DNA sequence: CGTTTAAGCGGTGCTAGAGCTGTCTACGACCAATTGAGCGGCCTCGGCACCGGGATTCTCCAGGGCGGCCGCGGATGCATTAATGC
DNA sequence: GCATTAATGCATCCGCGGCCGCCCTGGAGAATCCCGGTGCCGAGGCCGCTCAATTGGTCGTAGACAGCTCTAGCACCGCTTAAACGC
């Protein structure tokens, strides 16, 4: 007799788990090589401090959280629980972008 | 044999008629008594110039036109042609208000 | 290891524990809580630095 | 579709608040001398980090009594075929 | 040798019997909260230092106070249609 959860249970406790945590969900090294990758073709041989990387990752994380909340309400307006690409284009375009 | 249009024809020629016109759709006297009505409980015995009323009516009209366009696209996202109150709350909330 | 450490603190479920070398670096916050009598090091040319 | 109330507009008598201009006078810009409160440096210890013990509530688990079937074989009808009587 | 005829080897037809699956009730299992238990480390206190705030003097300078003016807003009266409204 295996013990399995029904679909829709672990997402709620993942919301309860991650919504109580203030930690960053993106690792430092792929964001480091990504920031250096975008910084490669703009100005060659640049340097980055130990600071000012968790600021970009922090504003990217919180701005993406607010974008997922507005897109989540946009998917709520469509009377379903799934997020779609047209919800991201709708909630992205309606914010003035 | 009466001559009547099918529902959906006169709205299109009303769009063609009013979208070519730059005139104001709100009368001057109810907007005058409305502006004086909101200006009554703030500061008593105020005066208004002959200008600065079509500026408020112009920004109200154009801002309400852009709100009706964003709300119209919000009703387009709902796969229908009717505007609803939750479309106004959706397009109003998603603009940062 | 959480299953090994759920009969660990209050009673005496073991007279001697077998813990690897590299696991105390991650579990150093947990193994420092309990008092021990003997800690021995096999092949101590790894801790020579 | 017909029926009404009221803005648009032409014209009127005002006035009270908008708007440009001298006076001087508080009153703030510009400059020496002191210093004391605020800033670099330090080094501790009590609140903080993480997890066991145990109670508590969370959240799913598998069997038990009510319906209308198809699977299959016995049959014994049919048709054949050799026995056999002519 | 041929008909016929009883034996008989299959005939499809009929009738009987087996096939379980979905609601209701048997609790099972582990995630969470809270209270200690001890090792860790940076918040703040203390000290050394040190520099723009503070106080006073000078000096000149725009802002409030009238002063006077002037001009479009205010309130209004009456044709003239025209969107608003009821259905």
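Each reported figure results from applying straightforward, stated rules to the coordinates on display, with no laboratory input. Don't worry about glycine lacking a Cβ; one is built from the backbone with ideal geometry, like all the others, and counts go over all protein chains shown.
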For residue B:67, inter-copy label distances in nm, listed shortest first [label point 7 Å out on the Cα-Cβ vector]
2.8
What number, in percent, do you get for the relative contact order of chain A if the mean sequence gap of Cα pairs under 8 Å and at least 6 apart is divided by its residue count?
19 percent
Taking chain B as the reference, fit the longest principal axis to its C-alpha atoms, fit the long axis of helix B:54-77 to the helix C-alpha atoms, and give the angle between the two in degrees, 0 to 90, nearest 10.
30 degrees
Could you please point out the chain A residue with its Cβ nearest to the axis of the rotation taking chain A onto chain B, and the distance in whole angstrom?
A:94, 2
What is the distance, in nm, between label points placed 7 Å from the Cα along the Cα-to-Cβ direction at residue C:6 and at residue C:45?
4.2 nm
Cβ-based exposure ranking for A:61, A:97, in which fewest neighbours within 10 Å come first:
A:97, A:61
Counting pairwise Cα distances across the protein assembly as shown, what percent come out greater than 26 angstrom?
72 percent
Given the options A:84, A:49, A:57, which has the most mean-square fluctuation in a GNM of chain A, springs set between C-alpha atoms less than 10 angstrom apart?
A:49
Test of understanding: in a Gaussian network model of chain B with alpha carbons linked when under 10 Å, which of B:16, B:27, B:36 would top the mean-square fluctuation ranking?
B:16
Need one number: the % of Cα-Cα pairs in chain A sitting beyond the 17 Å mark.
67 percent
1/(1 + (r/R0)^6) with r = Cβ-Cβ of residue B:73 and residue A:14, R0 = 45 Å, i.e. FRET efficiency to nearest 0.05, evaluates to 0.85
Note: B:83-95 gets an average of partner chain Cβ contacts (10 Å, Cβ to Cβ) equal to 3
Starting from the 7 Å offset along Cα-to-Cβ, what nm value, one decimal, do you get for the label separation of residue B:92 and residue B:42?
2.0 nm
Compute the distance from the alpha-carbon center of the range B:31-73 to that of the range A:32-97, in whole Å.
37 Å
